[PDB]
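# Overview (structure and organization)
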2 protein chains.
Amino acid sequence: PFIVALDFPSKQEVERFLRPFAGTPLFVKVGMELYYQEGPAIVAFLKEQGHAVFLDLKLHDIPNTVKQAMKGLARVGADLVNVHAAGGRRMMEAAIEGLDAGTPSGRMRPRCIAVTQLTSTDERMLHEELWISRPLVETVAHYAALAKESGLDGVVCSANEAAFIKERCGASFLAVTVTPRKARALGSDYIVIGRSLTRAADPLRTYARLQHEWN
Amino acid sequence: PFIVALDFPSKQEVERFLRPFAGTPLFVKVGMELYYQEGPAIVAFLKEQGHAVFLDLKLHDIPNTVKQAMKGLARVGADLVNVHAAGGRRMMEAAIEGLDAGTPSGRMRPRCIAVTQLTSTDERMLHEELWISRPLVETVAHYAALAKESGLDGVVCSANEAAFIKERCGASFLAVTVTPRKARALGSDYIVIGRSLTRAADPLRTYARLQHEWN
């Protein structure tokens, strides 16, 4: 249920933070700052350590490009990827094809969720800048539906946004997102952990604590 | 004036095509399919060869993330990067900061242009899927205006779209995009060359032809 955001400025420190987890597998997130500096090598490392990877690059391009890229991210070793719903139904559908195409027969393709509206986008922005004329809340549900219709597995959403989306898309539509306890109460499926864990003095015990608050 | 899209499935194939240009510097584009499989090393290679590099990754994320990622792409040696205007003025302004922060003093930061509406997005998609209520053309100029307001140097646009853009943003706002000669008459600053060059049996001769037709 936990996705540890490896928001570190180098492979050096990533490696350092993960040392105690050499015996405790984790579901980790690789953002675009780290991936653009380390390349596919960082995923190989994480995979070797035995961790599952969420390659968070938010692909948003034309259908065929996202497809070939997703095919490549499958080959790389990602367990979860994401895209912008703003990319359109066609692009999202092509992303899924790319994943199956880069996934060996029998085995399961890497999960793929969609960004609806970034957590940093407020009403004023949706209104004046993006020129979308429907409340932020409805716009998020719409994009989430678009993603569900396109064959995606879920979406990235604010904790108190999860119930609304699941009501619209089905309770099996993943909600990746406050207290782990609160997060769980709001309907999220996965919680993205940041400094809370990555900057703790006792990472292994903090992680155990984390699982207990959620339980 | 020419930006060669290195749309090849592998680094070997890329190095194979560029061999004859070992003595003829080019402005090349690295898409997300190639960059996500070769990482920052492919840029180093291109840089070693003496080519300028357009890292076309269309970053679209929260402000701080794009900023840290741009600082990194500058360190990687990118001469031109891009972003989605859909990310908002704040994210776009943050991209410029990251680029400056990753550029040595006295040196020039790498250029940054924005995607307004992907060339693969049609009227129906903008209407039904995105929730944007203004015509496609007006939304494009708007987003371009948004990018100009943010400090970006230009945008990616259709050949027959640059006149409208420059009229709205200023003749100095770059238009990166039909025949070379045609693309020129339509107001574009740069034309992305595809298979017509990368799959030419006589690339050096062909390259000379393009420059002549443009001239």
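Residues numbered from 1 in each chain as written, not as in the entry; some residues may be left out. Chains lettered and ligands numbered in written order. Heavy atoms only, no water.

This deposited entry lists X-ray crystallography as its structure determination method and 2.30 Å as its resolution.

### Some details on the packing of aromatic side chains
The condition is simple: To pair, rings of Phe, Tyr and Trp, with the six-membered ring standing in for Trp, must have centres within 6.5 Å; the planes then decide the type, stacked if under 30 degrees apart, edge-to-face if over 60, and tilted in the middle. We call a residue buried when its accessible area falls under 20% of the maximum for its residue type, exposed when it is over 50%, and partly exposed in between, using a 1.4 Å probe and counting protein chains only. For a ring to carry a charge above it, either NZ of a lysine or CZ of an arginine must fall within 6 Å of the ring centroid while also lying within 35 degrees of the normal to the ring plane.
Scanning all chains against the criterion turns up 15 aromatic pairs over all chains. Taking 6.1 Å as the distance between ring centres and 85° as the angle between the ring planes, the aromatic pair formed by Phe 21 of chain A and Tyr 207 of chain A counts as edge-to-face. The pair formed by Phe 21 of chain A and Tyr 207 of chain A is uniform in burial state, with each residue classed as buried. Each ring, one from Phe 27 of chain B and one from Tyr 190 of chain B, has its centre 5.8 Å from the other, and the planes form 80°; the classification is edge-to-face. Every member of this aromatic cluster is reached through a ring pair, and the members are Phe 2, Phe 8, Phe 17, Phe 21, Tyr 207 and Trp 214 of chain A. Here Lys 11 of chain B stacks its cationic end above the ring of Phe 45 of chain B, 4.3 Å away from the centre of that ring. In this arrangement the basic side chain of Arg 134 of chain B is found over the ring face of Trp 131 of chain A, its NZ or CZ atom lying 4.2 Å from the centre.

### Focus: the relation of the copies chain B and chain A
Rule in force here: Here the copies are laid over each other by least squares on the C-alpha atoms.
Here chain B sits on chain A after a turn of 180° about the axis and a move of 0.0 Å along it, with an RMSD of 0.1 Å. The operation mapping one copy onto its partner corresponds to a two-fold rotation axis.

### Some details on the UniProt feature "active site" in chain A
To keep it simple, the criterion reads: UniProt positions are given in the numbering used here, feature names are shortened, and annotations may be inferred rather than shown by experiment. Only heavy atoms matter for contacts: two residues are in contact if any of them lie within 4.5 Å across the pair.
As annotated by UniProt and renumbered to match this structure, "active site" occupies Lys 58 of chain A. Judged by its relative accessible area of 10%, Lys 58 of chain A is buried. Apart from residues no more than four positions distant in its own chain, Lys 58 of chain A is found in contact with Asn 82, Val 83, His 84, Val 115 and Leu 118 of chain A together with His 60 and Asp 61 of chain B.

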